[PDB]
Amino acid sequence: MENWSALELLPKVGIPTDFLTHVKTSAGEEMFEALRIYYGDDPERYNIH
Amino acid sequence: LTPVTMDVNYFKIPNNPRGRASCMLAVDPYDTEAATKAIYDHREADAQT
Amino acid sequence: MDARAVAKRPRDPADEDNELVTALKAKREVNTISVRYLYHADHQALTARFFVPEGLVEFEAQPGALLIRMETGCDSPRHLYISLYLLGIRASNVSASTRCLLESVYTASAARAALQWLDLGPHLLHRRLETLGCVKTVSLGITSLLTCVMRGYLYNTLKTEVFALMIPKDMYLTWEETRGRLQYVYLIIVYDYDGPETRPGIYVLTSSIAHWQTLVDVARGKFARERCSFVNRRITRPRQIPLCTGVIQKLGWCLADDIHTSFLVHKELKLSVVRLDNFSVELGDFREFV
Amino acid sequence: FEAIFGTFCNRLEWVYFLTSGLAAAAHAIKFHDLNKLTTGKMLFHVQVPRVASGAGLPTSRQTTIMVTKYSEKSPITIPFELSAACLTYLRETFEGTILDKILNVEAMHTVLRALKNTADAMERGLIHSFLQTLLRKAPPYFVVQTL
Amino acid sequence: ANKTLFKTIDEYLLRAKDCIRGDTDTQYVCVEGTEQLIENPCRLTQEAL
Amino acid sequence: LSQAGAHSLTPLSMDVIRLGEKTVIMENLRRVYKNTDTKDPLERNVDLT
Amino acid sequence: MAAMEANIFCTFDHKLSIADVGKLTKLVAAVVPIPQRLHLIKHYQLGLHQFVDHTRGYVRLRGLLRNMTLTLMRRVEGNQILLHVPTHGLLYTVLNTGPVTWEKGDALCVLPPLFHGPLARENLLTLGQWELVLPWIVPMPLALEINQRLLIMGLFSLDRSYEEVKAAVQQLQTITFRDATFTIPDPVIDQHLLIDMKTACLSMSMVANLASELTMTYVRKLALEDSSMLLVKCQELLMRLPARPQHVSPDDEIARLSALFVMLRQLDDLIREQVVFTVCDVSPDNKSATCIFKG
Amino acid sequence: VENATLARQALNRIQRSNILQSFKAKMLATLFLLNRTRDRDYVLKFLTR
Amino acid sequence: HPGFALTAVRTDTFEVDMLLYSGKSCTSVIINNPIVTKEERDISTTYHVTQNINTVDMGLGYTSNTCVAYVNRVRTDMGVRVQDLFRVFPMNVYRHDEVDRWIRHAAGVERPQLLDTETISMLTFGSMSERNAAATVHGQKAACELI
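Chains as they are written, first to last, in PDB author numbering: chain A, 1 to 49; chain B, 1176 to 1224; chain C, 1 to 290; chain D, 50 to 196; chain E, 1274 to 1322; chain F, 344 to 392; chain G, 1 to 241, 253 to 306; chain H, 197 to 245; chain I, 1029 to 1175.
Take a look at the structure:
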């Protein structure tokens, strides 16, 4: 539902993250709405329309 | 209403007054059949005792 | 030949300028056509183009459909190109509700003609079929054009997206609890010899086994009832000379982690499929077993 | 309307083997022919101190003790991967529009990030392997105190 | 295992250990490497507490 | 082996404890294992019989 | 996910003497099987030694070797080994590890080793009671002979007396091929050979049922007017028992032969071994050859 | 914060059970802090935690 | 009371934090520069980075000490629940069919059922017959053994 490609392409501000638990545990236990995970390199960010 | 022979040690620690454990944090998330089997199946040993 | 010639590592296919650029540079002449980069110049997959009538193109609009060539027993079209979904109609393995759904989808004269031709003759099903590969394109029209790969991965023009292979859920088959890291996928057609006529079962099997004899031993373990039916027909019904209890054809290889479950939407109807995300085709011929 | 108040990225905490306190236990040396050697050994020669004895006691003889030690091996590995589209946009530019330049710089930043992450992973793996072997050779408190 | 003291200590540190699956309700023996080994001093003293 | 050592040295900050004229360095390796897939080998299991 | 690796590095955690490394260097370009593919593996998984078991059967070892993936050995370093997974259709150099003589143009199969000569060749990397056991690469006729001997022993074992079974196993286990003598180790009869025996019996039953009268009578009719060493040696095997064909029907004959071909393929498959290499070159000392990989 | 270091993906059964046990024990122990205890070190430690 | 007094044995597993001491330059590590390797395919490329590290111990005695500093939880339940031999020996049956059925029903034991290949795999490479419970609150089952 979110535009993940826009997040990947646009510039970002770097911060030190402070998850209390492991980041994958926070993802797997559904700490957040609107999660996306992918492994390796996913080329879908390259197809602009 | 309970039988007169109900274990008296059951009342000496925090327990479910129902007589069987039904805490869902023990069961896998969204696993409906496992949850129903945990709380209702009397052919499956109660988790607490 | 000399030492420097031997030492020289080969030319990069990407740093040499192509033939058209070479000619234009040689004459120093401009051209309107953009020429610096040639598309598909580095596609290692082998593709072919197929024409198919409008009625047959349904659920093959999305990329990833398996494409089969069927024999009509006639000289006017000679051959037709059909998908695994259409064979879903004839297969006994598919459930009643899915059969009704994808029978309502293919309500066209061409598809019904394909079914009549398939059931009409006296040959077994696999003798009438030839597998081409997986499709990834569509240009719609009264006659539609499909491009199919027959050796390679499935991807679009810039490789910016890799396509999966879609198998209907009733046809999907596994025989191992924990999957091997590398999986081979096979097409199985198995015949049940009941009284009136043979009912064929159609499956797509994902397995870690590459050796033929071990695979056929596992298959004979799984399909014992059909072998019993074959022998029973051989006993009860002489002068009927059946051949084979089943055939196995290899087509492809994929990684176990790429396997997923998904659904397909067509005319607001949902068909459920198994999805092989990074599937690459590698076709074999039908090998028969008893 | 909807508002996006900020897009954030994760800043990784880079670690090095030489900047850890654990490296104090280590004597770190680089050897460019390391894969060429099979095993390395050290030799020790020991002669024991002695003490004169009084009448009636047997006198102790001279003794020489010689021992040997051997090395250990443990390689480490990290993969990283890139997509063919990323390589194409890294190399190729089409028509020079703004969006094409954006895609080019995106591919370049992807390869840079992959290289940085791989190097950091190699440092962490070195630390982890050293800690594993150091734990393997170490006996517990009761053994050493009894000794 | 009837060996010299130092050889015994060495094999206690390396080999004389067992592993158990950490994610199943019952104790299944695991294979070395897939997850961390467990120390058991009772293996050395040959006693139970 | 000793003569192959580095000739240059750099300063860095760390915590130290006094243990009777012996001074030793205190370190926790939490930062290297923070969000990784490997388990810290100093967090271990031990079992008793 | 993680794409399958083509180059595999193997490291021995056992310490190696200079003699061990010297032995390893000789093995470059040989074929070694592995059970699983990773970029970096331990030497325990390398080779056929891991499957040696109290069962000792040759048939089960043949079954296990069929499912392992084959690799060629690239050049060796200190304490490291590099293995390469070949691809179908490319050209490779391969080392003749076994004593079997190769020839130009024949097809090669991979098979568990069978002992030969003094049986003192076993110097291959004995370290920590792990041993580098490698399969044999043999030409098709020898593999066919081996499988045929095993299946014939299995079939003959049924209902025959124990002592004559021993005698038959003794005479069958030895093989002379291309001017060399080999012997099959541990020809155990068990479930693995039993399943093959069952399939062979089924295929023979179907072949006997399908075959037309023309096919059966061809040999009998030929002996009435032909005479040759081939025929007389051929008819000695058969049970001792003008006219016109009682029934002529080419369509029935065609269909019947069509089914009989499928049954013959079923019978053939259980002694056939998959071709892994096809050779067209040979070092005149027979130690190495260049082959095309397939399978 | 006590279990943050061991889980590095979605929780398994045993980790969930440990978390549940800790929940119950700590909830029972620290329900009414200042009525329960009034010693200085414990309160300072609790506030620091 | 029957005429015997069986004794039980069980193991409980603990999750602990350990403390390790190591002496300055107790061991020397020798390393080479990381080596990269490329593997190409149509849709992507992957790079493998390997570094082999080699270590040697540089003390004539135990130069490192470990201790079990802190424990905080029992992974097992410390229960009094006894495991069934019918699962660990899944193929022994009473020679009399009715007696076997009666004993299994009285003990509450599932009927044995295995294929040939399943039996072979179970004997050679043990299978996990006992399934997980519907819920677990006390953690892993520490099964008692009876002698």
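Ideal Cβ placement from N, Cα and C applies to all residues, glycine included.
query, result
"Contact list for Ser-212(G) against chain C, beta-carbon separation under 8 Å", "Within 8 Å Cβ-Cβ: nothing; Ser-212(G) doesn't reach chain C, min ~10 Å."
"Listed by chain order, chain E residues near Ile-210(H) by CB distance under 7 Å", "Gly-1295, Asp-1296"
"Exposure label - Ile-189(G); buried when at least 16 CB within 10 Å", "buried"
"Presumed contact (8 Å Cβ cut-off) between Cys-135(D) and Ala-156(D), rounded CB distance", "5 Å"
"Inside the region 3 to 39 of chain G only - alpha helix (DSSP H) runs reaching at least 4 residues", "18 to 26"
"Own chain residues within Cβ distance below 7 Å of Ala-111(C), not counting five before or after", "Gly-55, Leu-56, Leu-86"
"Residue-level contact to chain F via CB, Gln-1309(E), 8 Å cutoff", "yes"
"Start-to-end residues for the beta strand (DSSP E) that takes in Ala-77(D)", "75 to 79"
"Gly-1136(I) burial status per 10 Å Cβ neighbour count (16 or more: buried)", "exposed"
"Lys-1212(B) - DSSP class collapsed to helix/strand/coil", "helix"
"Anticipated Cβ contact below 8 Å, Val-149(C) with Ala-45(C), distance rounded", "5 Å"
"Whole runs of the beta strand (DSSP E) within the region 102 to 150 of chain C, excluding any shorter than 3 residues", "129 to 135"
"Beta carbon proximity, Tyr-138(D) to chain A, threshold 8 Å", "yes"
"Per DSSP, cross-strand counterpart(s) of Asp-1182(B)", "Per DSSP, none; premise fails for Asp-1182(B)."
"Alpha carbon of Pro-168(C) to alpha carbon of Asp-277(C), nearest angstrom", "14 Å"
"Alpha-carbon to alpha-carbon, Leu-268(G) and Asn-47(A)", "58 Å"
"Chain H contacts from the region 375 to 388 of chain F (Cβ-Cβ distance under 9 Å)", "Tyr-376, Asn-378, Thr-379, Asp-380, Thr-381, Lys-382, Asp-383, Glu-386"
"For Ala-200(G), the first and last residue of its enclosing alpha helix (DSSP H)", "191 to 210"
"C-alpha gap between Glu-131(G) and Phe-51(G), whole angstroms", "11 Å"
"Sufficient close CB pairs (3 or more, under 8 Å) joining the region 347 to 354 of chain F to the region 1315 to 1322 of chain E", "no"
"First through last residue of the beta strand (DSSP E) which encompasses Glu-1067(I)", "1063 to 1068"
"C-beta neighbour in chain D for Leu-1322(E), strict 8 Å", "no"
"Three-pair Cβ contact test at 8 Å for the region 242 to 261 of chain C versus the region 187 to 204 of chain C", "yes"
"Cutoff 8 Å; reference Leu-125(G); Cβ partners in own chain excluding five residues on either side", "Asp-20, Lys-23, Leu-24, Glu-131, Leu-132"
"Under 8 Å from the C-beta of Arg-1038(I): neighbouring residues of chain H", "The contacting residues do not exist; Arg-1038(I) stays about 17 Å from chain H at best."
"C-alpha gap between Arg-151(C) and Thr-1299(E), whole angstroms", "48 Å"
"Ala-168(G) - DSSP class collapsed to helix/strand/coil", "helix"
"Length of the line joining the Cα atoms of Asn-166(D) and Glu-1158(I)", "42 Å"
"Cβ contact (3+ pairs, closer than 8 Å) linking the region 159 to 179 of chain G and the region 135 to 147 of chain G", "yes"
"Listed by chain order, chain I residues near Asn-214(H) by CB distance under 7 Å", "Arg-1101, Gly-1167"
"Whether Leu-264(C) touches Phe-59(C) by CB criterion (8 Å)", "yes"
"CA nearest to the CA of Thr-1145(I), picked from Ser-1155(I), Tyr-1122(I), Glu-1173(I)", "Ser-1155(I)"
"Short CB-CB distance (under 8 Å) between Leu-207(H) and chain F", "no"
"Nearest-angstrom Cα separation, counted from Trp-63(D) out to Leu-355(F)", "15 Å"
"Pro-261(G), enclosing beta strand (DSSP E) - first and last residue", "First-last for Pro-261(G): 261 to 280, but that is the alpha helix (DSSP H), not the beta strand (DSSP E)."
"Identity of the residues DSSP links to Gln-96(D) by a beta bridge", "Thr-113(D)"
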